[PDB]
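Going line by line, the protein sequences match chains Bb, BN, BL, BW and BX. Numbered according to the authors' numbering, the first sequence terminates at residue 82, and the numbering increases by one at each position without gaps. Numbered according to the authors' numbering, the second sequence terminates at residue 151, and the numbering increases by one at each position without gaps. Numbered according to the authors' numbering, the third sequence terminates at residue 156, and the numbering increases by one at each position without gaps. Numbered according to the authors' numbering, the fourth sequence terminates at residue 130, and the numbering increases by one at each position without gaps. Numbered according to the authors' numbering, the fifth sequence terminates at residue 145, and the numbering increases by one at each position without gaps. Note that beta-carbon positions come from the ideal geometry of N, C-alpha and C, so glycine has one too. First comes the structure, then the notes that go with it.
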Amino acid sequence: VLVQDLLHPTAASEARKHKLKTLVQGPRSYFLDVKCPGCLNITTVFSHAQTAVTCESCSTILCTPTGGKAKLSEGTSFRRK
Amino acid sequence: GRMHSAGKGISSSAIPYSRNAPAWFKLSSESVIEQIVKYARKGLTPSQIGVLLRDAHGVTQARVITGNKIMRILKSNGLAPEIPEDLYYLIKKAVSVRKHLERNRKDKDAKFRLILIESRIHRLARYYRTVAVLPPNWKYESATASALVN
Amino acid sequence: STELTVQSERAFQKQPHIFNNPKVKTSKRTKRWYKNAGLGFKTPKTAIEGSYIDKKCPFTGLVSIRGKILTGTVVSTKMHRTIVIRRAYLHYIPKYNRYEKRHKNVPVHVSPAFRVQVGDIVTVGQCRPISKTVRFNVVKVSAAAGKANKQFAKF
Amino acid sequence: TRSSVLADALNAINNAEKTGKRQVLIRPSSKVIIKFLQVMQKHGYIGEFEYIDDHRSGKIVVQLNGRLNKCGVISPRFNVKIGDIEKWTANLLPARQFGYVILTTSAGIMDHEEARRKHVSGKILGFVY
Amino acid sequence: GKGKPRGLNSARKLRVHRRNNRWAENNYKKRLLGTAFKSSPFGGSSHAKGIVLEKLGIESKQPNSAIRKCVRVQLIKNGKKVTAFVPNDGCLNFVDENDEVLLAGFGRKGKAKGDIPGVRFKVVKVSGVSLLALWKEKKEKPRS
RNA sequence: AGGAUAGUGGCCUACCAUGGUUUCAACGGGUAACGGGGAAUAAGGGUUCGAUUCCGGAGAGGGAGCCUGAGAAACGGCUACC
RNA sequence: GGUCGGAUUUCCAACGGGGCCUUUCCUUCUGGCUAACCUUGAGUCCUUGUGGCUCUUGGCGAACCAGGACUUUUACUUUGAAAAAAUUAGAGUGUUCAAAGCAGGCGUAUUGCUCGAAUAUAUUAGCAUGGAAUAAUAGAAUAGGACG
RNA sequence: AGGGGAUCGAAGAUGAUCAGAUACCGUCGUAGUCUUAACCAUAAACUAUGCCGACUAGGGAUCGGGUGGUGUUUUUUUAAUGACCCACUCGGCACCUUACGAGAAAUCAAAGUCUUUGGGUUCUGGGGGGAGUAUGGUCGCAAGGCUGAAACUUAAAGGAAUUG
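Right under this line is the structure:
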C-alpha cells in the first residue's frame, strides 16, 4: 500500500465492497423475467420484491418476499435482466 | 443519525448513476401515468404506489421513466392528500400510542415513546408550515388526532 | 377608504387652507391637495384618489421627508394609523472579532394610502415629531409576493 | 452533521500526508474545495487531482507529492481588512518568505500575496505551506 | 471542538460566558464587590492612624518559638480594632499605651505575614515620629 | 380637537381605541459612575483608569418659585421652609 | 556604445487592468454638440519599412440633463470625504546637550532678505463609490406567470 | 394511606469477646424488604471519559441482518427449509499487538489528527479550607433537593511514577 490507484480499482474489490462504499455507489439488485407454468405471460419482477407479486392469470403467488432477495416459487422459471 | 435514538446504521437505497434507464423498458410513460392514477384512485399512498409499481412492473424509478415524481403526478391529477403521507403516518402512530396509554397507564416506556413521537410530529409540522404545504397555525392537538387519522 | 364615514369624529376633518368653494361647479367638483415625497419616492394612486384626511400623511398632509431614510419589517399593526417595525442588525464586538444580533423596534406612522400586514418590508422617511415616539412615516411598501396568499388550503 | 466540507477535505488531505500516502480520496468535493485545490496546485503543494462525477456531490482523488507540510481551514471565515492580512500571515505562517493565506474575495478564491497585488480583500479560508 | 462556540454570530455568547467566569478570579471579584471599601479594617487606604489600647505578645507559629510583641490598636476613621506588629529589636518601649500610631500593611495583602498569627498591619510611625528614626535615635518621641 | 410654548410633540386638557417594551435581557437593584479627547501597561490580541489643563453636561446646601433682561429658573439676583 | 559593475527598447517574459466576440445585458420614448463614425461627388505633394491624414452632406448619437413603459434585500470588502485641538508615531530645528519649544537661517549690520510652523493613524455608527467569491434572502406549480 | 407481611433484617432485646464493646461474632426481633395510589429526585446514577461529523493501524473472534458457494447435514440417503462450514458486508458488545500520534505518568484506536494551536455545539472548573455553610428565593407533608456567598485562615493541598 501507501501508493494506490483509487481511480481504477479491481472489480474484485468492487464486488466485495458495500454497495454504498464503492467508487460510485449504485444498486446491486436486479430484475427477473418470470414464467409461470399456467400461462405464457412474461412478467417482470424486482429481485428484492418485498411483496407477493401475482401473475395476471395464475393470480396466487409468483414470488415470496424475504429479508433480502425475494424467494421465487419452485413452480416457475426465471431469467436475469 | 437516528435523531430520536442512538443508532448509526446506513441501510439506504443507492439509486443508479443512470438517469435515463433501464434501456429495456417498453411501456409508454402515458401508460405508467394512468397506471399511477388508477392506483391512487384505488387508495394507495405514493410510497406504496412506487413499490407496487417497481415489483409488478419493471419501473425501477418512476421519476426516471416518467417526467415527474410520484407525489407531483398525483397533485397534478387532483389526488394529493390533505396532510402529507409521512405526517399522516406519524400522527397515526401517535394515536396508536395514546390509545394504548389510555388503558395501560403504568407503561412509562410508552409514555417516553409518545413524547419522542409527538416531538417528531411537531418538528415535521413546523417544516410543512414554513414551506406552506400545511396552512398556517395548523396544530397537532392530540384530541382531534383521532379524527385526523380515523 | 372612500367609504366608512371619513368624517366620523366630533370635529370636521379637512386639510388647512384649501378653498372648496360651493359656488362654481367644475367637472371634478372637489379640490384635493397632494404632492410628491421627493428623493425618488412616488405619491401613491391611493393618496391622489384618497378621501381620508390624515393630516400626517407625507403626501396629503403637512409633513415633509428629511433626514434618514430607513427600512424594516412590520411586526405590529394593532394601533391606528401607525405601526412598529423591527430593524435587525449585527453589532461588531472587536475583542472577539465577531458579531451579535441586535434590533430596535421603531414606531412609525402609516398613512391610510398604504396597506400593510405583519411581516412585510416597508421603507420609511424621517420627519418632524408626530407624537411622543413617532419620528418616521411610511413612504413605500416594498411587498412583491406577500407570502400570505400562498399558504391557503388547496382544493 | 457535516458543517465544513472544506475542513473535511483538508483534514483528510493532511492526515494522508502525515502517514505518507501518495494519493487521497475526498468527499463531497465542493467547488470551494476545487478552487482551494487549484490554488495549491499552482503553487506546487499538490499534484494532479481528478474529480469523480457521481450524480450526488462528486469526489476528488488528489495525487500528493510529500511537499505539503500542513493545510487547514480558519473557521469561521472572518472578514479581513488589507491591514489585517499581515496579522493573519504573521500568526498562521511559519516564515515571511513562503506560505500563503487563502482568501475568498469578490475577485475569487485567491491567496494573500496574489490578493496583495490585486489590492482586494474578503473572508479568510485557510492556509497552506 | 474546544467546547466553546466559534461562529461569527457567537459574540454575545462568548461575552456572557467570559463575564460569568470572571467571577472566579479573586482580583476581579474583590474589585467588583468593593470588599476593601466595605469590609476591610482600612478603606482601601495604604496607611491609617490608630490609638494604642494594649500591648500583647503573640507566640510565633511552628517551628519558631518566640514572642512577637504586638499591639492591639483602634482605628479612628471607622471604629475597628486591629493588631499591629512592632518590627525591630526593642521598640516595645516606644509605643507606651494610649499613644497615636501610624499603621500600614505587612505587604502580603492580608495573609498574616510569617509566623505571626492574626496580624495584617505594622506600625510605621508612633507619636508622629518614624519608628525607624526612634530606633536609631535620630529624633525623640513626644511626651504626649 | 383645543390650550401652552418661540416652535413640532401626551408638553398639557377633554373624548375615543388597547395598546407600547422584553431572554437579541425589558423592568428593577448597585455603582466606592459625570461622558468623551485621553493615561499606564502593551509582539499581536488585550487589562485598568480618566474628579483633574480641551469639548459637552450639571450645580452653586437641598428642594420649589420668580422679576429684570437677547440670553438665568442666575445664586459674589430676589421669594419661601428646613 | 567615441556614452567607464555606472544612468534602456512598439522584437519582449511575467504582473495588475479595460473593451469586444463566442447563445452573453445596457427595460425604455422624450435632442441635440451630427456612436472610440460599419458612407470618401471632392481630395490634402513630408522624392518606396509602420503609428503629427485636410472643408468630410445626411445616413441607427447607450461615453448626458428629468417626466417614468426604473428598481429583490442584505452581510462582506476596496476607495473617498468628515471623525475639534492638544496627546500619541513622525519630518525640519545646536534650547550650549537634554526634557523641551515652534521656532529659526542668511547679508558687509550701509536703517534687510527668508524658510517654516509638514506628515500618517485615530476603530464601532452614518454617506457615496468599484466587486458579486463567500453567507443568507425572493421568484413560473391549481400559473392570479413575462414577453407587444 | 391501604393491602401483604414467608425470608432477611437500620432500631431494640440478648450471649459472648474486651481494659471497656451500646462494634465486628451468635439467638431473636419492630420499621422496612413485596404490592396499589400518590410523594422524594438523590448514588463511586462510573467508561470517574458530553453529543454530532470526517480521517488516521494490524488481526482473530462474537451478536443481529443480508449476499455468494467445483460445500456438509437428517429427512426425497441426490427438493424448499432449518442447523453447520467457508468468503464478504452493514450495524453492535468487546477484545489482542503496536503506538507512527498523545500524555506528567498510569495509560489511550481515542485521552490521536494540538505553539504546524480554528469541523459544529451544550455544560463545567480557576490553590486548600471556611462550605455545599449563612442568607434570600424556589420545590417537598417531612427528610431534604435546586440556586448559593462573604468575613476570616492558610503554603501548601493534590495527581502519576521511582527507591527504601
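Measure how close the beta-carbons of residue i and residue j come, nearest whole angstrom, since I'm counting them as under 8 Å.
i, j, result
"BL:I19", "BL:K29", "Contact flag wrong, Cβ pair sits at about 13 Å."
"BN:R114", "BN:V96", "About 13 Å separates the two Cβ atoms, so there is no contact after all."
"BW:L104", "BW:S122", "7 Å"
"BW:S76", "BX:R7", "6 Å"
"BX:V87", "BX:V124", "6 Å"
Please state whether DSSP places residue i in a helix, a strand or coil.
i, result
"residue 153 of chain BN", "This structure cannot speak to residue 153 of chain BN, because chain BN is shown only from 2 to 151."
"BX:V96", "coil"
"BX:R16", "helix"
"BW:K124", "strand"
"BL:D55", "coil"
"BL:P108", "strand"
"BL:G73", "strand"
"BX:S11", "coil"
"BL:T47", "helix"
"BN:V52", "helix"
"BL:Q127", "strand"
"BW:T90", "helix"
"BN:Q36", "helix"
"Bb:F47", "strand"
"BL:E101", "strand"
"Bb:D34", "strand"
"residue 1 of chain BN", "For residue 1 of chain BN there is no data in the structure shown, the boundaries of chain BN being 2 and 151."
"BN:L28", "coil"
"BW:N15", "helix"
"BN:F113", "helix"
"BW:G84", "helix"
"BW:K32", "helix"
Please report the distance separating the alpha-carbon of residue i from that of residue j.
i, j, result
"BN:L54", "BN:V60", "6 Å"
"BN:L80", "BN:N151", "19 Å"
"BN:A144", "BL:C58", "50 Å"
"Bb:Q51", "BN:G51", "12 Å"
"BX:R19", "BL:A154", "49 Å"
"BW:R118", "Bb:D6", "39 Å"
"BL:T134", "BL:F13", "26 Å"
"BX:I117", "BX:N27", "24 Å"
"BN:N78", "BN:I37", "10 Å"
"BX:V17", "BL:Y90", "19 Å"
"BL:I86", "BL:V117", "11 Å"
"BX:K81", "BX:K137", "31 Å"
"BN:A7", "BN:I118", "15 Å"
"BX:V72", "BX:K39", "24 Å"
"BX:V120", "BX:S61", "12 Å"
"BL:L40", "BL:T72", "15 Å"
"Bb:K82", "Bb:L8", "28 Å"
Do residue i and residue j have their C-beta atoms closer together than 8 Å?
i, j, result
"BL:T44", "BL:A38", "yes"
"BW:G67", "Bb:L3", "no"
"Bb:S60", "Bb:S48", "no"
"BX:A85", "BX:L57", "no"
"BW:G48", "BW:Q64", "yes"
"BX:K142", "BX:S128", "yes"
"Bb:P38", "Bb:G68", "no"
"BN:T67", "BN:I116", "no"
Practice task
Please confirm if the region 116-124 of chain BL is in contact with the region 26-41 of chain BX, defined as three or more CB-CB distances below 8 Å between the two stretches.
Solution key: no
Problem - Contact between the region 77-87 of chain BL and the region 4-11 of chain BW (3+ Cβ pairs under 8 Å) - result: no
Problem - Sufficient close CB pairs (3 or more, under 8 Å) joining the region 81-95 of chain BW to the region 34-44 of chain BW - result: no
Handout entry: Sufficient close CB pairs (3 or more, under 8 Å) joining the region 24-44 of chain BN to the region 9-29 of chain Bb
Key = no
Practice task
Pair every Cβ in the region 125-134 of chain BN with every Cβ in the region 79-94 of chain BN, then say whether three or more of these pairs are closer than 8 Å.
Solution key: yes
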